[PDB]
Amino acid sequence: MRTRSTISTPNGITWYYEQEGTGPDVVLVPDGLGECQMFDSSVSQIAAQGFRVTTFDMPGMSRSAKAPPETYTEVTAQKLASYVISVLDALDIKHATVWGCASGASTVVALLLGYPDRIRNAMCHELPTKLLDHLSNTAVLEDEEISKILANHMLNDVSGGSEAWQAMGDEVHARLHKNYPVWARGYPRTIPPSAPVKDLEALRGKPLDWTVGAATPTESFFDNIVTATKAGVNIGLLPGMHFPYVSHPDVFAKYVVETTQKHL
């Protein structure tokens, strides 16, 4: 049985969150699009292995749109981490395993480094350390041009699985539609330079498990593989690209449970 609900935190944000299962806490942090329905079926798979899984739309996105501006503009890993800690403090989640892709990856590494007592282990996927002008330059467009470009780009190029992507349904795509512009203005100039992956030695020996998309062109996250390997951090692949939880839910879910079981 899944809890769908809202909870507010004292940084002015009102989160939409979902939660299923009983057991140690596993937290699924979204990618930059901030949309926790992407996790829907995996929240169930993971929970069925004896975990309490929590997830939530991110600030300014989807149903967590009631949030002050600082929370979705000039977004950094360190800002996102403190926001996620706040929603963990409100839900009374003390010790959590965390997953995140893209800005979620940057977020979970910042969580692991900043709050080591709170984080049992962190799985980061495709952490973005580089400025990409093709993304950054969308920010100057008209809102509705941004949605068209970005929606089309997710569907045709980088979903990892276009059928799975489309099957999320009209409601999700209508929420994503509104998110694309806020993401485009808030995230890609300031997320990469916040990457908390420049201090190698802070990573060494930490409970961190890094992945990258198997179908993703080698250039996009080449740097993650170098960095993980220099730091001694476990690094491997998942199928698909940026959204293994949409394209390959079963393998995703299994990966999260297995990795969590390593650290209990």
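A residue's number is simply how far along the shown sequence it sits, counting from 1.
- Stretches 194-202 and 37-45 differ in mean C-alpha B factor, with the higher average recorded for 194-202.
- Comparing the deposited coordinates for 71-79 and 154-162, the stretch with the larger average C-alpha B-factor is 154-162.
- Comparing C-alpha B-factors across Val182, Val108, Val84, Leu127 in the deposited entry, the largest value falls on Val182.
- If you compare the C-alpha temperature factors of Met123, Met168, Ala96, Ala102 in the entry, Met168 comes out highest.
- Residue-level temperature factors show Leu208 in the middle third of its chain, judged at the C-alpha atom.
- The PDB entry assigns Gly21 a C-alpha temperature factor belonging to the lowest third of its chain's modelled residues.
- Remark: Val233 belongs to the highest third of its chain, ranked by C-alpha B-factor as recorded.
- Among all modelled residues in its chain, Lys66 ranks in the highest third by Cα B-factor.
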